[PDB]
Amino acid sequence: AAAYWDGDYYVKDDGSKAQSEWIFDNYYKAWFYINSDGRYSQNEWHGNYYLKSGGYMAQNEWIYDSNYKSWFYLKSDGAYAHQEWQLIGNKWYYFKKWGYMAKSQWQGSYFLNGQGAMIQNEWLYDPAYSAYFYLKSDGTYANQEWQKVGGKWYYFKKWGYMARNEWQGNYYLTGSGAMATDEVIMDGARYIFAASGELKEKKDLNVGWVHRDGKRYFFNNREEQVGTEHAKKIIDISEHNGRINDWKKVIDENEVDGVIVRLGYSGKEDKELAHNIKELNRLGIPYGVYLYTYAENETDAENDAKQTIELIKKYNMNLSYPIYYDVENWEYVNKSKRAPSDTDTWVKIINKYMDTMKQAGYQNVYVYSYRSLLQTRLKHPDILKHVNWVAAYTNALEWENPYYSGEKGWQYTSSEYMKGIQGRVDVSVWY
């Protein structure tokens, strides 16, 4: 025996201490870097190599470096992988310049997940491109082709963008991207598809707001009249519609009878509320208001009512339509919290909001929600008695409420285009 460790120092085959050099220890079967001070490197990098705790050079292994806040992979010769792909534990990883593992990002036509692994047979919504992509079996994005995914057909355009609300040859991609296999009503027409997706027939329809025999009516997509000649066209607006440049233009050109204006959501005022109220008041356009709730309990509900009342007085609101508690299956952007799923909690929440508003002197207060929620979570006599504005973007509402009787609204669309407004608009028929 000749060469040996002496504390932090290494004595070579001769009598001399190692200095500024790599040594291979046959006992450990490992490489070590000895520094200019004669001591082994550990828990640190030397050029392309990482020396682990105790000095051992990393080889064929992952290292997480807390200083760089990144994973690195040391190859068979110990050098860090960089600007290259590596197959490790039967998954593909990509290493960027300086060895940083790619994560939650594209590398050309491939996408690396939060763990660094190349994704395969997976949907990806990328906010950076504002669209859906599908990573195929080989990891590359679907491109200028059909893919059958989860038992349904989707079409991918140039650069991988999932087709939606559009045609591809004889096939129509619906809003979810899924190929139409039934019927689609659009363009004032009914499109009938084979179960296999090819268009079979188009039939023109009597639908929407129609002026007929000297009067105006609303027809649902089943070609059924909703209400009478006095049916009203009500839009609902928020900061999400942007700044409305010319309110009078919107009203006249689109024959709009009234507006429900977003107050905001629990704890925050809508950015366009001040402007919208100023203009609607100035022009004497009839309006009501709504608040999107993130309530979890009666305390939140009371706070919602307090907020509502504060805003009404602040902006001198003149309410021709009701105050609406907009109740949906809410979820925090960060997913930390979501709406209570039980009916009894919502009975408490909704009635606390109503009671608080009523005690404050506001007697024209109702609930808005979606048909699906009203059939399930919100299906209770003490909730339904307050519901007179229902959303269902369907061919007919086909929903009865035994607990409310009187004037009511059906929000039949969130995709209408109107003169004087940028982008899509929510519209209701009031009857």
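Start at 1 with the first residue shown and count on from there.
Per the PDB record, of the two stretches 249-257 and 235-243, 235-243 carries the greater mean B-factor over its C-alpha atoms. Of the two stretches examined, 346-354 and 73-81, the record assigns the greater average C-alpha temperature factor to 346-354. In the deposited coordinates, the residue among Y403, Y50, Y33, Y393 with the greatest CA B-factor is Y403.
Remark: of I309, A142, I285, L124, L124 shows the highest value [criterion: C-alpha B-factor in the PDB entry]. Annotation for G54: C-alpha temperature factor in the middle third relative to the rest of the modelled chain, per the entry. For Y362, the recorded CA temperature factor ranks within the highest third of the chain's modelled residues. Remark: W399 belongs to the middle third of its chain, ranked by C-alpha B-factor as recorded. Residue-level temperature factors show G227 in the middle third of its chain, judged at the C-alpha atom. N67: CA B factor lies in the highest third for its chain, per the PDB record.
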